[PDB]
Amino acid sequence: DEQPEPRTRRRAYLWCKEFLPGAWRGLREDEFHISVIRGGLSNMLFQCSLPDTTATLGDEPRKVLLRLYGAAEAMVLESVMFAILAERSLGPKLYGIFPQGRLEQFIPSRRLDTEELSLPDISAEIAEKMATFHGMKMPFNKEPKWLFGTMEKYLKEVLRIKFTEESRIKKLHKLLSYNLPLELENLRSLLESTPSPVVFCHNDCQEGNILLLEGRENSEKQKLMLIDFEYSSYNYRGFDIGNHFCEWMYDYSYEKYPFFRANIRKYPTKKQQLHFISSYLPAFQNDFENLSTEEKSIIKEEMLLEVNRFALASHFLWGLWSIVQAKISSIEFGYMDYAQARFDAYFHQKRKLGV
């Protein structure tokens, strides 16, 4: 986490030398500056750079980002998608693609923290960016089968899990006592009666996937970038917004077990919600502000009902996801606790909605 091991220092040297143009092409192995940004057995991020002494021959970058995958059809789609967003200037540039990983533009930035999501200027721009993402045409299946198809898939895995550790057994037993198969069908009824346009959705728009771009912090409307499009698909718009509202409540930076904080009281208020969708709607159809005040009020009221219902699917889906991570993950986290938190929020909001 300041240097990498002996192999994936040299592999990254070759990659950078072979895939990057200009001064990268004639670089000796002992000039190569690499330093870890994130580790793991999956999705390792490194920074790779020229020495500061070396000058550039053309418009090649000084530093890049190396992304290793780390043990077919999933990787074609996200690669094509990444390449497309890169060409449309809606993502970081793609400098190299190979079986083990890819070379990307390094964006000087940090991630938002959870508590920044509520800042009015942050929220307004997230809404604008999300509305732009939602207008994109992508070469993927336009049927909104992702939401229930993913929930069904995770539920099938959840019902096959057997734990051996007593504490995980007891926690799983409590989640199963809810009758998740039946609860999924109640959510199906609710959501099939809630109209929500099908759009190209990020599906994971939270603070860890939003960049605050270095030296733009005084821009009111143009300091952020959305990244990490792994779960993206054509989906109900209500889910991308509702999932985002859910993410106000969750902080994944907590340093002790269970490695997250959950706070129901941080969900956005009607006022905060209205502020977000007041920025989202004119960004998605730019004639919106010319509708009658009454016609706009009706649209906003409908959309509050829409997004707060689809937010229940955020809890259900990521709760099921977390139980699966508990069995199969070797990243360290309170997966079972996070699942319980998502299902606690599910039942609390359901009851508040009267649905």
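Throughout, we count residues from 1 along the sequence that is shown. Just so we're on the same page, rigid core means the largest C-alpha set that superposes within 1.5 Å between forms.
**More shifted region, core-based fit in 9 other deposited structures of this protein, 295-303 vs 282-290 by CA** = Of the two stretches, the larger average C-alpha offset in 9 other deposited structures of this protein falls on 282-290.
- prompt: After fitting on the rigid core, which stretch moves more in 9 other deposited structures of this protein, 153-161 or 191-199, going by C-alpha RMS?
  reply: Comparing 191-199 with 153-161, the one that moves more in 9 other deposited structures of this protein is 153-161.
**Request:** Taking the mean of the C-alpha B-factors per stretch from the entry, tell me the winner out of 305-313 and 25-33.
**Result:** Here the higher of the two C-alpha B-factor means belongs to 25-33.
*Taking only the CA atoms, which stretch has the higher mean B-factor in the record, 56-64 or 315-323?*
According to the PDB entry, the answer is 56-64.
Just the C-alpha B-factor column, please: which of 12, 20, 339, 345 has the biggest number?
Of the options given, 12 has the highest CA B-factor in the PDB entry.
_If I read the C-alpha B-factors straight from the PDB entry, which of 265, 129, 275, 221 is highest?_
It is 221.
Residue 120, C-alpha B-factor rank within chain (lowest, middle or highest third) | Within its chain, residue 120 is a middle-third residue by C-alpha B-factor, going by the deposited values.
Inset, instruction - Pull the Cα B-factor of residue 170 out of the PDB entry and bin it into the chain's lowest, middle or highest third. - result: Answer is middle: the recorded C-alpha B-factor places it there.
| query | Going by what the PDB entry lists, where does residue 257 fall on CA B-factor within its chain: lowest, middle or highest third? | reply | Answer is highest: the recorded C-alpha B-factor places it there.
- Please rank the C-alpha B-factors of the chain's modelled residues and tell me whether residue 238 sits in the lowest, middle or highest third. Its C-alpha B-factor belongs to the lowest third of this chain's values.
**Message:** Using only modelled residues of the chain, where does the Cα B factor of residue 214 rank: lowest third, middle third or highest third?
**Reply:** It belongs to the highest third of the chain when residues are ordered by C-alpha B-factor.
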